[PDB]
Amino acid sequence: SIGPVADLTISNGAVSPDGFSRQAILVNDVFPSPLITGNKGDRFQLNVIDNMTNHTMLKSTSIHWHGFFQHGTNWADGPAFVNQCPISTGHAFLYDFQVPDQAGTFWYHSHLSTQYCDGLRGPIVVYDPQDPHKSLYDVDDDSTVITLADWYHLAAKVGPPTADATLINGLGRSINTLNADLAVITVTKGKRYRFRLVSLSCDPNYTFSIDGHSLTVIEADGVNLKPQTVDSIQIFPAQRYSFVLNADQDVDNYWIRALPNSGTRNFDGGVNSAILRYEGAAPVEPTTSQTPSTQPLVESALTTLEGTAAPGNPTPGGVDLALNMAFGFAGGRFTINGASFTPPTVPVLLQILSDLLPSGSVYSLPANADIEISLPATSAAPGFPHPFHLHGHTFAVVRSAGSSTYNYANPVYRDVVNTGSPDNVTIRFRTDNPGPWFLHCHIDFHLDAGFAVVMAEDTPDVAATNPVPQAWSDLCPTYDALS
């Protein structure tokens, strides 16, 4: 793997992760993008070298480092026209930030239009030398990262959508390439694995299970939690989980299954599937049967390892500022409280540094306060369920999707939450991270359609807390000169 100091060169190339050839986005000449790695407290210097020539997938790029807090380095966070102008082709831009107090499973991806759907997306693992669950597993390496990804034969900016295939570790089969190579995951009988599940999906959620094995979940979106055995896991776009697998079954091949909520909802011919292979097992497809899932993961039954409480007082409205976000759908555009987000000419953070634009979308947040955000599900926002995600913060899921109850005493903490179907998912966080932070649904087409708002956190202090490198100031004129 690479990092925490590395070059990321972005280019275009042919790929065939399902046997069908299409042009896509490469990171250091490989599809899918390589895993980045660091220890807790490393300083990260990821030099992003834009060498793209393909206009249909945009020649420009910017990278968000999903989950990282970016305290004092809001300029480094990624979202085009919120925190930076995009890097232009022929140029490079250094992302220089630290991760002092985060550790766990994360990822990086394009935050420009729909560009990460064309293959610029990759796992990040920040190991903890003192990890609290270390004693529960023997192996925790590059071989135990598992990524889930949707794959489309025609580019993001080519059709509307429906995945042609599911990619586990970059490999999978579509309905017309049932013979294509599958992803193989190799364990040794009697060893224990910390598997790091990473959804790179642009849209589908996956119900993930492994034939013949139970999963003990110990981490969600970077947050250590109390161990919790399950036999399947619903993972929504941009979410992460660590589960320990006790490789204690017979030496054999076992189907790994990852079934999307949309499109091809079967396992016929090994679509939506990969292979757990015990060492010594033959190089064949598994022939194992799947059991009905009798202990699925339940977000409202998850709790933080330390049992941390929700910020604020343990009662609704028991907070410094309650904001309710009302979803809708106008032209071809999503709306929250009546605003559709259109990317502004001057990125928000630059406006601050210079009411913010785009009007109707920007929410001033005071510092050192408790915030409660409501996001009731509604049929007025088609394409639900929507997984909303808050940059620059972990939040406490005081009430999950599918539930009516309210947990303030020890709710799970996360950075991406399913908001459910027409449900009133509510979250809490403390404002200790001054800057403009994107709040948006992570189904990436809905995002390009404007399904987003920006939290302008402690705006009087953003100028002081986030000094900006010369290279970042150079970004916008360069971009604006391009036709």
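In case it trips you up, residue 1 is the first one in the sequence shown, and so on.
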How many residues that are in the deposited sequence but not in the model lie between residue 422 and residue 423: none, 1 to 3, 4 to 9, or 10 or more? 1 to 3
Missing from the model but present in the deposited sequence, between residue 289 and residue 290: none
Higher average CA B factor in the deposited record is what I'm after, so tell me if that's 151 to 159 or 241 to 249. 151 to 159
Selected stretch [higher average CA B-factor]: 69 to 77 or 326 to 334: 326 to 334
Sorting 209, 351, 144, 272 by Cα temperature factor from the record, which one lands on top? 351
Tell me which of 139, 381, 183, 103 tops the list for C-alpha B factor in the record. 381
Place residue 301 in the lowest, middle or highest third of its chain's C-alpha B-factors, as listed in the PDB entry. middle
Could you say whether, by C-alpha temperature factor, residue 386 belongs to the lowest, middle or highest third of its chain? highest
For residue 93, return the chain-relative third of its C-alpha B-factor as stated in the PDB record: lowest, middle or highest. lowest
Considering only modelled residues of the same chain, in which third does the CA B-factor of residue 468 rank: lowest, middle or highest? highest
Chain third (lowest, middle, highest) by recorded CA B-factor, residue given as residue 192: middle
